[PDB]
Amino acid sequence: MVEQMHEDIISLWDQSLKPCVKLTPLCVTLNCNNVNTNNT
Amino acid sequence: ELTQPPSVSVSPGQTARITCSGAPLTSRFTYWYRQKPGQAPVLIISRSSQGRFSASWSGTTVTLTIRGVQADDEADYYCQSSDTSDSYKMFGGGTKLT
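Chains G and R supply the protein sequences, listed in that same order.
At position 17 of the first sequence (counting the first as 1) the number is 116 in the deposited numbering, and the numbers step up by one without a gap.
The second sequence maps to residues 5 to 54, 61 to 108 in the deposited numbering.
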């Protein structure tokens with residue numbers, strides 16, 4: 100029964116968010132600094 | 005211990021400038037305070053970001075400006091900055107303004 104619960108959740112996790120926004124072209128070049136204050 | 009400025013004169017109701025150099029600076033901010041001749045020291049800094063006189067959080071000297079006030083302000087000034095392990099605050103050879 101344990102193995103049944105394992106496969107049901109993951110398959111549902113892949114199904115969920117399938118009809119949602121793909122972030123495939125979002126990943127690009129990234130240039131930064133840290134905060135306005137030096138770590139306080 | 006600390007690189008405190010010895011003595012700097014006042015501008016005639018104009019720009020005011022002080023330094024105070026050290027290794028922490030970017031670690032535990034600045035904190036000034038003034039020693040009145042023969043009287044108890046009083047508040048200068050108004051630190052809150054994690061009155062009147064302000065400064066820029068720099069890693070070279072930090073500095074401090076007391077506006078265009080010629081008279082009403084003459085005392086011995088200092089600086090208290092905590093080490094990364096809360097060891098000491100370190101102070102120089104005083105700051106006697108004129």
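For every residue, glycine included, the Cβ atom is placed at its ideal position computed from N, Cα and C.
In the DSSP assignment, the alpha helix (DSSP H) including residue i goes from what residue to what residue?
i: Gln103 (chain G); result: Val101 to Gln114
Measure the Cβ-Cβ separation of residue i and residue j and say whether it is below 8 Å.
i: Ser11 (chain R); j: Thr108 (chain R); result: yes
i: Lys99 (chain R); j: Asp86 (chain R); result: no
i: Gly104 (chain R); j: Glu5 (chain R); result: no
i: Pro16 (chain R); j: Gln54 (chain R); result: no
i: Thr34 (chain R); j: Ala65 (chain R); result: yes
Along the stretch 124-137 of chain G, where does the CB come closer than 8 Å to a CB of chain R? Name the residues. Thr136 and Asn137
contact_flag[the stretch 6-25 of chain R, the stretch 66-74 of chain R] where n(CB pairs < 8 Å) is 3 or more: yes
Can you give me, in chain order, the residues of the stretch 27-51 of chain R that have a beta carbon less than 9 Å from any beta carbon in chain G? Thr30, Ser31 and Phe33
Are there three or more Cβ pairs, one per stretch, closer than 8 Å when the stretch 91-99 of chain R is compared with the stretch 124-136 of chain G? no
Chain G contacts from the stretch 79-93 of chain R (Cβ-Cβ distance under 7 Å): none
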